[PDB]
$ cat upload03.csv   # CSV, C-alpha atoms
chain,number,residue,atom,x,y,z
A,69,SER,CA,0.0,0.0,0.0
A,70,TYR,CA,1.7,3.2,-1.3
A,71,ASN,CA,1.5,7.0,-0.7
A,72,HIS,CA,2.8,10.2,-2.4
A,73,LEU,CA,3.5,13.8,-1.5
A,74,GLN,CA,1.1,16.6,-2.5
A,75,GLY,CA,1.8,17.1,-6.2
A,76,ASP,CA,1.3,16.1,-9.8
A,77,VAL,CA,1.6,12.3,-10.1
A,78,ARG,CA,2.4,10.2,-13.2
A,79,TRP,CA,3.2,6.5,-13.7
A,80,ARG,CA,6.4,5.5,-15.6
A,81,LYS,CA,9.2,3.1,-16.2
A,82,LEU,CA,12.6,4.8,-16.6
A,83,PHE,CA,14.8,3.2,-19.3
A,84,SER,CA,18.4,4.3,-19.5
A,85,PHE,CA,20.2,4.7,-22.8
A,86,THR,CA,22.4,1.9,-21.3
A,87,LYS,CA,19.3,-0.2,-22.0
A,88,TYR,CA,18.2,-0.9,-18.4
A,89,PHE,CA,14.9,-0.3,-16.6
A,90,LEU,CA,15.5,1.3,-13.2
A,91,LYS,CA,14.2,-0.7,-10.2
A,92,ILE,CA,14.5,-0.7,-6.5
A,93,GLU,CA,14.3,-4.2,-5.0
A,94,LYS,CA,12.6,-5.2,-1.6
A,95,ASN,CA,16.0,-4.7,0.0
A,96,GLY,CA,16.2,-1.0,-1.2
A,97,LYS,CA,19.0,-1.7,-3.6
A,98,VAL,CA,18.9,0.3,-6.8
A,99,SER,CA,19.8,-1.5,-10.1
A,100,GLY,CA,18.9,-1.9,-13.7
A,101,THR,CA,17.1,-4.8,-15.4
A,102,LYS,CA,16.6,-6.0,-18.9
A,103,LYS,CA,13.2,-7.4,-17.7
A,104,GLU,CA,10.3,-5.5,-19.4
A,105,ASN,CA,8.0,-7.2,-16.9
A,106,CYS,CA,9.6,-6.3,-13.6
A,107,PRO,CA,7.2,-4.9,-10.9
A,108,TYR,CA,10.0,-3.2,-9.0
A,109,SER,CA,10.5,-1.0,-12.1
A,110,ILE,CA,7.0,0.6,-11.8
A,111,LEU,CA,7.5,4.1,-10.5
A,112,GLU,CA,5.3,6.9,-9.3
A,113,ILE,CA,6.8,10.2,-10.1
A,114,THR,CA,5.3,13.2,-8.3
A,115,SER,CA,6.2,16.8,-9.1
A,116,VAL,CA,6.2,18.8,-5.9
A,117,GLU,CA,7.6,22.0,-7.3
A,118,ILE,CA,8.8,23.2,-10.7
A,119,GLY,CA,11.4,20.7,-12.0
A,120,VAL,CA,11.4,18.9,-8.6
A,121,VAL,CA,10.2,15.3,-8.2
A,122,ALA,CA,10.2,12.4,-5.8
A,123,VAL,CA,10.4,9.0,-7.5
A,124,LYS,CA,9.0,6.0,-5.7
A,125,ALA,CA,9.1,2.3,-6.6
A,126,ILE,CA,5.5,1.4,-5.8
A,127,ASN,CA,5.9,-2.4,-5.3
A,128,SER,CA,8.9,-2.1,-3.0
A,129,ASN,CA,7.8,1.2,-1.4
A,130,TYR,CA,11.2,3.0,-1.7
A,131,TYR,CA,12.1,6.5,-2.9
A,132,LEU,CA,14.9,6.8,-5.3
A,133,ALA,CA,17.5,8.8,-3.3
A,134,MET,CA,21.0,10.0,-3.5
A,135,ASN,CA,23.2,11.0,-0.6
A,136,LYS,CA,25.9,13.7,0.0
A,137,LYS,CA,28.7,11.2,-0.9
A,138,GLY,CA,26.7,10.5,-4.1
A,139,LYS,CA,25.5,6.9,-3.8
A,140,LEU,CA,22.1,5.9,-5.1
A,141,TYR,CA,20.0,4.1,-2.5
A,142,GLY,CA,16.4,3.2,-1.6
A,143,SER,CA,14.7,5.2,1.1
A,144,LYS,CA,11.6,4.0,3.0
A,145,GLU,CA,10.7,7.5,4.2
A,146,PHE,CA,10.8,10.6,2.0
A,147,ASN,CA,13.7,12.9,2.9
A,148,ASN,CA,16.0,15.5,1.3
A,149,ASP,CA,17.9,12.9,-0.5
A,150,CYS,CA,14.7,12.0,-2.4
A,151,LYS,CA,14.3,15.5,-4.0
A,152,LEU,CA,15.5,15.2,-7.6
A,153,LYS,CA,15.9,17.8,-10.4
A,154,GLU,CA,14.0,16.4,-13.4
A,155,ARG,CA,15.3,18.1,-16.6
A,156,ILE,CA,13.3,17.4,-19.8
A,157,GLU,CA,16.0,17.5,-22.4
A,158,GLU,CA,16.7,18.3,-26.0
A,159,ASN,CA,14.9,15.6,-27.9
A,160,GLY,CA,12.9,13.0,-26.2
A,161,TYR,CA,14.5,12.0,-22.9
A,162,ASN,CA,15.0,13.2,-19.2
A,163,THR,CA,17.8,13.6,-16.6
A,164,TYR,CA,17.5,13.3,-12.8
A,165,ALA,CA,20.0,15.2,-10.6
A,166,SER,CA,20.4,15.4,-6.9
A,167,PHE,CA,18.4,18.5,-5.9
A,168,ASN,CA,20.3,19.0,-2.6
A,169,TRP,CA,23.9,17.8,-3.4
A,170,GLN,CA,26.6,19.0,-5.8
A,171,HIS,CA,30.1,17.9,-6.6
A,172,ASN,CA,32.5,20.8,-7.1
A,173,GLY,CA,29.7,23.0,-8.3
A,174,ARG,CA,28.7,20.2,-10.7
A,175,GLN,CA,25.3,18.5,-10.6
A,176,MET,CA,25.3,14.7,-9.7
A,177,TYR,CA,23.1,12.4,-11.8
A,178,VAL,CA,21.1,9.2,-11.4
A,179,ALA,CA,22.9,6.9,-13.9
A,180,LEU,CA,22.9,3.2,-14.8
A,181,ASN,CA,26.2,1.9,-16.2
A,182,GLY,CA,26.6,-0.5,-19.1
A,183,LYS,CA,26.3,-3.5,-16.9
A,184,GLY,CA,23.2,-2.1,-15.2
A,185,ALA,CA,24.9,-0.9,-12.0
A,186,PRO,CA,24.1,2.5,-10.3
A,187,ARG,CA,26.9,5.1,-10.6
A,188,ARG,CA,28.6,7.1,-7.9
A,189,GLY,CA,27.2,10.6,-8.5
A,190,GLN,CA,30.7,12.3,-8.5
A,191,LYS,CA,31.6,10.4,-11.7
A,192,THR,CA,28.4,11.4,-13.6
A,193,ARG,CA,28.0,14.2,-16.3
A,194,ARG,CA,24.7,15.4,-18.0
A,195,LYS,CA,26.1,14.4,-21.4
A,196,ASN,CA,26.5,10.8,-20.3
A,197,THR,CA,24.5,8.1,-22.0
A,198,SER,CA,24.2,6.3,-18.7
A,199,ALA,CA,22.3,9.3,-17.3
A,200,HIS,CA,19.8,9.5,-20.1
A,201,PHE,CA,16.2,8.2,-19.5
A,202,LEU,CA,13.4,7.5,-21.8
A,203,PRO,CA,10.2,7.5,-19.6
A,204,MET,CA,7.6,5.0,-20.7
A,205,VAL,CA,3.9,5.2,-19.6
A,206,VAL,CA,2.7,2.4,-17.3
A,207,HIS,CA,-0.9,1.1,-17.6
B,66,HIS,CA,47.2,-2.2,-22.8
B,67,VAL,CA,44.7,-4.9,-24.0
B,68,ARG,CA,41.4,-3.4,-25.2
B,69,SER,CA,38.3,-4.9,-23.7
B,70,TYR,CA,35.2,-4.6,-25.9
B,71,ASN,CA,31.5,-5.0,-25.5
B,72,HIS,CA,29.6,-3.7,-28.5
B,73,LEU,CA,31.6,-5.2,-31.4
B,74,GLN,CA,29.4,-6.1,-34.4
B,75,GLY,CA,28.7,-9.7,-35.5
B,76,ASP,CA,26.5,-11.7,-33.1
B,77,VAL,CA,22.8,-11.4,-33.7
B,78,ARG,CA,20.8,-9.3,-31.2
B,79,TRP,CA,17.1,-10.0,-30.3
B,80,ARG,CA,15.5,-6.6,-29.7
B,81,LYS,CA,12.5,-4.5,-29.9
B,82,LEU,CA,13.0,-1.1,-31.5
B,83,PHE,CA,11.2,1.7,-29.6
B,84,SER,CA,10.6,5.0,-31.4
B,85,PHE,CA,11.0,8.3,-29.5
B,86,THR,CA,7.4,8.8,-30.8
B,87,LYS,CA,6.8,6.1,-28.1
B,88,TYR,CA,5.8,3.0,-30.2
B,89,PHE,CA,7.4,-0.4,-30.7
B,90,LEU,CA,8.0,-1.3,-34.3
B,91,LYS,CA,6.1,-4.3,-35.7
B,92,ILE,CA,5.5,-6.1,-38.9
B,93,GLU,CA,2.0,-7.8,-39.0
B,94,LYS,CA,0.9,-11.2,-40.2
B,95,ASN,CA,0.4,-9.5,-43.6
B,96,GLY,CA,3.8,-7.6,-43.9
B,97,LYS,CA,2.4,-4.2,-42.9
B,98,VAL,CA,4.9,-2.2,-40.8
B,99,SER,CA,3.4,-0.1,-37.9
B,100,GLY,CA,4.0,0.9,-34.3
B,101,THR,CA,2.3,-0.5,-31.2
B,102,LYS,CA,2.1,0.8,-27.7
B,103,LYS,CA,1.6,-2.9,-26.6
B,104,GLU,CA,4.5,-4.1,-24.4
B,105,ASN,CA,3.8,-7.8,-25.3
B,106,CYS,CA,3.1,-7.9,-29.0
B,107,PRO,CA,4.9,-10.8,-30.7
B,108,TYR,CA,5.2,-9.0,-34.1
B,109,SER,CA,7.5,-6.5,-32.4
B,110,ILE,CA,10.2,-9.1,-31.6
B,111,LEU,CA,13.0,-8.5,-34.1
B,112,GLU,CA,16.2,-10.2,-35.0
B,113,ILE,CA,19.0,-7.8,-35.8
B,114,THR,CA,21.7,-9.3,-37.8
B,115,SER,CA,25.0,-7.8,-38.9
B,116,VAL,CA,25.5,-8.3,-42.6
B,117,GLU,CA,28.5,-6.0,-43.0
B,118,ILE,CA,30.3,-3.5,-40.9
B,119,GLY,CA,27.8,-0.6,-40.5
B,120,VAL,CA,24.9,-2.7,-42.0
B,121,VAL,CA,22.1,-4.7,-40.4
B,122,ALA,CA,19.0,-6.6,-41.4
B,123,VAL,CA,15.9,-6.4,-39.2
B,124,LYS,CA,13.5,-9.4,-39.1
B,125,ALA,CA,10.2,-9.7,-37.4
B,126,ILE,CA,10.5,-13.3,-36.2
B,127,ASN,CA,6.9,-14.2,-35.6
B,128,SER,CA,5.7,-13.1,-39.0
B,129,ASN,CA,8.9,-14.0,-40.9
B,130,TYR,CA,9.4,-10.5,-42.5
B,131,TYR,CA,12.5,-8.3,-43.0
B,132,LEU,CA,12.1,-4.5,-42.5
B,133,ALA,CA,12.7,-2.8,-45.9
B,134,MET,CA,12.5,0.4,-47.7
B,135,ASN,CA,12.3,0.7,-51.5
B,136,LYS,CA,13.7,3.3,-53.9
B,137,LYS,CA,10.4,5.2,-53.7
B,138,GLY,CA,11.1,5.5,-50.0
B,139,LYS,CA,8.3,3.2,-48.9
B,140,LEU,CA,8.8,1.3,-45.7
B,141,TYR,CA,7.5,-2.2,-46.1
B,142,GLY,CA,7.8,-5.8,-44.9
B,143,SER,CA,9.7,-8.3,-47.1
B,144,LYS,CA,9.6,-12.0,-47.0
B,145,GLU,CA,12.9,-12.5,-48.8
B,146,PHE,CA,16.1,-10.6,-47.9
B,147,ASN,CA,17.3,-8.3,-50.6
B,148,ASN,CA,19.1,-5.0,-50.9
B,149,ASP,CA,16.0,-3.0,-49.8
B,150,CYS,CA,16.5,-4.7,-46.4
B,151,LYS,CA,20.1,-3.4,-45.9
B,152,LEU,CA,20.1,-0.6,-43.2
B,153,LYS,CA,22.8,1.7,-41.9
B,154,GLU,CA,22.6,1.4,-38.1
B,155,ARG,CA,24.0,4.5,-36.6
B,156,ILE,CA,24.3,5.9,-33.0
B,157,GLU,CA,23.8,9.7,-32.5
B,158,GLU,CA,25.5,11.9,-29.9
B,159,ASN,CA,22.5,11.9,-27.6
B,160,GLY,CA,22.7,8.1,-27.6
B,161,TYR,CA,19.7,6.9,-29.6
B,162,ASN,CA,19.9,5.0,-32.9
B,163,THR,CA,18.9,5.7,-36.5
B,164,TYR,CA,18.3,3.2,-39.3
B,165,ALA,CA,18.7,4.4,-42.9
B,166,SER,CA,18.5,2.8,-46.4
B,167,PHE,CA,21.9,1.5,-47.4
B,168,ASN,CA,21.1,2.0,-51.1
B,169,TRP,CA,18.3,4.7,-51.3
B,170,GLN,CA,19.0,8.4,-50.8
B,171,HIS,CA,16.9,11.4,-51.9
B,172,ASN,CA,18.2,14.8,-52.8
B,173,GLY,CA,21.6,13.4,-51.9
B,174,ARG,CA,20.2,13.3,-48.3
B,175,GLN,CA,19.5,10.0,-46.5
B,176,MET,CA,16.2,8.3,-45.8
B,177,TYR,CA,15.3,6.9,-42.3
B,178,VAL,CA,13.0,4.3,-40.9
B,179,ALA,CA,10.5,6.4,-38.9
B,180,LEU,CA,7.3,6.2,-36.9
B,181,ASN,CA,5.2,9.3,-36.3
B,182,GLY,CA,3.0,10.5,-33.5
B,183,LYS,CA,0.2,8.1,-34.4
B,184,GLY,CA,2.7,5.4,-35.0
B,185,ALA,CA,2.4,5.1,-38.8
B,186,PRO,CA,5.4,4.3,-41.0
B,187,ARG,CA,6.8,7.5,-42.3
B,188,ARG,CA,7.5,8.4,-46.0
B,189,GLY,CA,11.2,7.7,-46.8
B,190,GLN,CA,11.7,11.1,-48.5
B,191,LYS,CA,9.9,13.1,-45.7
B,192,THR,CA,12.3,12.0,-42.9
B,193,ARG,CA,15.2,13.8,-41.2
B,194,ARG,CA,18.0,12.7,-38.9
B,195,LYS,CA,16.7,15.4,-36.5
B,196,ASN,CA,13.2,13.9,-36.3
B,197,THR,CA,12.0,12.4,-33.1
B,198,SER,CA,10.1,9.9,-35.3
B,199,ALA,CA,13.4,8.5,-36.6
B,200,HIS,CA,15.1,7.8,-33.2
B,201,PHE,CA,15.0,4.4,-31.7
B,202,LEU,CA,16.3,2.6,-28.6
B,203,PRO,CA,16.7,-1.2,-29.1
B,204,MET,CA,15.5,-3.1,-26.0
B,205,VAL,CA,16.7,-6.7,-25.2
B,206,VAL,CA,14.3,-9.6,-25.6
B,207,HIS,CA,15.2,-12.7,-23.6

$ encode --input "upload03.csv" --output "structure tokens"
Amino acid sequence: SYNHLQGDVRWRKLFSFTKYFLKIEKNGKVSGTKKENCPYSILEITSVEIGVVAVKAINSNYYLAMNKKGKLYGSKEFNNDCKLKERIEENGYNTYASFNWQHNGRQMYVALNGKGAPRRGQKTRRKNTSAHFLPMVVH
Amino acid sequence: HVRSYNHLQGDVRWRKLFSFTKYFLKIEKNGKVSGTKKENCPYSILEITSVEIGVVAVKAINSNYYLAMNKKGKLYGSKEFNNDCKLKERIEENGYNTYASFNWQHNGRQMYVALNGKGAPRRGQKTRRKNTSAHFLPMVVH
């Protein structure tokens, strides 16, 4: 049984240009999967202010978060790590930066590497293919 | 220092192709090429086969058709492999893919496989590298 913050809700899968769907498993670990069918990849994205979202994995009940040190992790409770900057890019895809945390005046991104692992935020750049996401409507 | 490699061309790849217009590419029972929003349509399962460096053939497995475009720029399904089935597979800066006719250009400019907003096959000649319609992500099928 899931909840959301006050805001504009939409239901999506997030598929990286590294060709993984983002999921958070029952253990709160954040990974990619090739599985088009995976229920831990169904996300509720709610906009709470302009360009600011909280992304929750419905079927595990975790928020996609990133911490000061720049690790992706799953958070049971909403907190400041769960605020993300959603930038609708260029042509056809989105990026998700830490709202709260920078590295050397550089944004830190949610990214899935080529073997489907989460990246350490310090190593990520907006131009990266790992940090690009084609949202796909769930229903 | 010993390259290690992961995306070298050769081995077949079982994929769907997902347009940025938000449809999966299929070829029906009857060789008609279209997009679906359905995540589980068996006509959207493709076999992508490297024929030469820079060139692929795309085959809808469950209808036994190749994806093709003729000289007149018409995107169609083809039961036998021929030169209209040769496609330049190309990866753009942003990281999505384009598929263009190997043989057929128009105004010197190249012609792309493309699905529009209502997921209809686009007219060869009316496509541009730029176009959201002409961008795909392949997704793995198990």

$ interface_residues --input "upload03.csv" --of "chain B" --to "chain A" --cutoff "8 Å" --atoms "all atoms listed in the file" --output "PyMOL selection string"
chain B and resi 85+87+104+159-161+197+202-206

$ residues_around --input "upload03.csv" --residues "residue A:98" --least-positions-apart "6" --cutoff "8 Å" --atoms "only C-alpha atoms" --output "ChimeraX atom specification"
/A:90-92,132,140-142,186

$ residues_near_point --input "upload03.csv" --point "(8.7, -3.0, -10.5)" --cutoff "9 Å" --atoms "all atoms listed in the file" --output "PDB file with C-alpha atoms, keeping the file's coordinate frame"
ATOM      1  CA  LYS A  81       9.200   3.100 -16.200  1.00  0.00           C
ATOM      2  CA  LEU A  90      15.500   1.300 -13.200  1.00  0.00           C
ATOM      3  CA  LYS A  91      14.200  -0.700 -10.200  1.00  0.00           C
ATOM      4  CA  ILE A  92      14.500  -0.700  -6.500  1.00  0.00           C
ATOM      5  CA  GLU A  93      14.300  -4.200  -5.000  1.00  0.00           C
ATOM      6  CA  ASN A 105       8.000  -7.200 -16.900  1.00  0.00           C
ATOM      7  CA  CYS A 106       9.600  -6.300 -13.600  1.00  0.00           C
ATOM      8  CA  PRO A 107       7.200  -4.900 -10.900  1.00  0.00           C
ATOM      9  CA  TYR A 108      10.000  -3.200  -9.000  1.00  0.00           C
ATOM     10  CA  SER A 109      10.500  -1.000 -12.100  1.00  0.00           C
ATOM     11  CA  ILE A 110       7.000   0.600 -11.800  1.00  0.00           C
ATOM     12  CA  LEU A 111       7.500   4.100 -10.500  1.00  0.00           C
ATOM     13  CA  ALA A 125       9.100   2.300  -6.600  1.00  0.00           C
ATOM     14  CA  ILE A 126       5.500   1.400  -5.800  1.00  0.00           C
ATOM     15  CA  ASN A 127       5.900  -2.400  -5.300  1.00  0.00           C
ATOM     16  CA  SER A 128       8.900  -2.100  -3.000  1.00  0.00           C
TER      17      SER A 128
END

$ closest_residue --input "upload03.csv" --among "A:177, A:79, A:146, A:131" --to "residue A:165" --atoms "only C-alpha atoms"
A:177

$ atom_distance --input "upload03.csv" --atom1 "atom CA of residue B:80" --atom2 "atom CA of residue A:199"
21.3 Å

$ closest_residue --input "upload03.csv" --among "B:183, B:193, B:207, B:144" --to "residue B:129" --atoms "only C-alpha atoms"
B:144

$ residues_around --input "upload03.csv" --residues "residue B:134" --least-positions-apart "3" --cutoff "8 Å" --atoms "all atoms listed in the file" --output "tab-separated table (two decimals) with C-alpha atoms, in the coordinates of the input"
chain	number	residue	atom	x	y	z
B	137	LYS	CA	10.40	5.20	-53.70
B	138	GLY	CA	11.10	5.50	-50.00
B	139	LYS	CA	8.30	3.20	-48.90
B	140	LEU	CA	8.80	1.30	-45.70
B	141	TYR	CA	7.50	-2.20	-46.10
B	149	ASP	CA	16.00	-3.00	-49.80
B	150	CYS	CA	16.50	-4.70	-46.40
B	166	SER	CA	18.50	2.80	-46.40
B	178	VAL	CA	13.00	4.30	-40.90
B	189	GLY	CA	11.20	7.70	-46.80
